[PDB]
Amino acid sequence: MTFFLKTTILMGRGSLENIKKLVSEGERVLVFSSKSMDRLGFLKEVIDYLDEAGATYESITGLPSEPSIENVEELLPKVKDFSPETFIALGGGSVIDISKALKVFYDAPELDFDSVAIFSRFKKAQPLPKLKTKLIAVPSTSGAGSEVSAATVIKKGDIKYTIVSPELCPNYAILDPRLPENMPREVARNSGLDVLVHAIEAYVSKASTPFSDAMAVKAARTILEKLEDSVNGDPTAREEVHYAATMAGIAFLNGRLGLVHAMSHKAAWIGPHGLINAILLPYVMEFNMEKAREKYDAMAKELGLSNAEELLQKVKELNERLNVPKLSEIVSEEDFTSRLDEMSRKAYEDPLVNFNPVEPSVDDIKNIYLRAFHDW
C-alpha cells in the first residue's frame, strides 16, 4: 500500500497568473490549448504571462477531443522542431492527455506507442525512463483529474488504451475556477459525474488506502451536495467541484480505478461522448456489491448514509435529476449487440480490472453491459 503525489497544485481565482513564477527568463515553453481556451481568452492570458516572464514560447491550438495516437504523431514534429524545456497544457483531460503523450515520445524517442500502451493486462508494457520536460497542467473541466494522474488515455482503432507512469504525473497543476465557470451545462454535468465515478472506484479499489480514501470521500461528498448547483451555474459550486475533481484525481492516482473505466474505455465507439461512465456506474456498483459489499458500506457510512443500498440510491437519483440518458437512448440494440462480445473481451483485458474489488469473468462484464442496455 502506497500514497504519493508528484504534482504541485496551485489554486484560486486568478491562480493562472502563477505561470509567471513557474517559468524563467529564456525558458523554452510550448503551450497546447483547446479551441475553447483560445476563443474564451485564456490562451492570450497564458501568452501575456509568458511574455512578462521573458520566456521563449510558441503556441499550438485547436487540439481535438478524445485524442488518437495519430492525433499525437501529427503534433510531434512541431514539438521536436521547437525543442521546448516546458509544456503548458490548457484545456480538458483531452489536452492534458495529448501533452503527456507528447512528453513520452519527445523525451524517450526510442519508445513507440506500441511498446508502452497497456493493450492487455496479460502482456508486458515497457516502463518509462525519466522524462525531463516540465509539464504544467491547467484543467478547464471539473473534471478528468489528468492534472495529477499518472495516466494518458489515447485511442488506437476507436478503443481507449492507457500509458501509465509516475513520469507522466504533471509537475504542476493550476486550478483556476474562472476556466470551468465557462463549461456548457452538459460538460459540467458529464465531467462532474466522472468525479463521482473516480471517487467511488478509488475508494472500493483493492489499492485503496486511508490517504486516498480521505480525498475520495470528500470529492464524492462535494459532487453529491454541490454538482446540481454547479450545473445550474452557481460560481461557488463551480469552484468546490473544480477542487473535488482534483481530489478524486489524487484518490485514483493512488487507488486506481476499476470496472467502470475498463468498460467505458472499450465503449469509446459510443456517442455522445463522456456519458458512458455515469450510465455504467450503478450497474458496476450493483455487480461489485454482490460479493464485495464491505467498502461500499464503509463509504456510505463516511458520507453519513446508513448503508451501501442508500449510496447506490443517491447515485441513481443524482443521475436521474441531471437527466443522464439511458444507454438504450444513445445506441441502437443492433450496434450494441454486434460489438458486445468483442467489447466484453477487450474490457476484460483492461489493466483497471486488476483493481476492481471483484475479479469479473468476460461473461460477468457482458452481463453488466446487457443490464445497463436493457434497463429492465
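Counting begins at 1, following the sequence as shown.
Looking at 293-301 and 208-216 together, the entry lists the larger mean B-factor for 293-301, computed on C-alpha atoms. Once the C-alpha B-factors are averaged per stretch, 331-339 and 33-41 rank with 331-339 first.
In this entry, the residue among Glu201, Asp176, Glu110, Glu147 with the greatest C-alpha B factor is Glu110.
The maximum CA B-factor among the listed residues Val195, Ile136, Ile163, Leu76, taken from the PDB record, is found at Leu76. Per-chain ranking of the deposited C-alpha B factor places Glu186 in the highest third. When the modelled residues of the chain are ordered by C-alpha B-factor, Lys316 sits in the middle third. Annotation for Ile98: C-alpha temperature factor in the lowest third relative to the rest of the modelled chain, per the entry.
Ranked by Cα temperature factor within the chain, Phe122 sits in the highest third according to the deposited record. Among all modelled residues in this chain, the alpha-carbon of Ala278 has a temperature factor (C-alpha) in the middle third.
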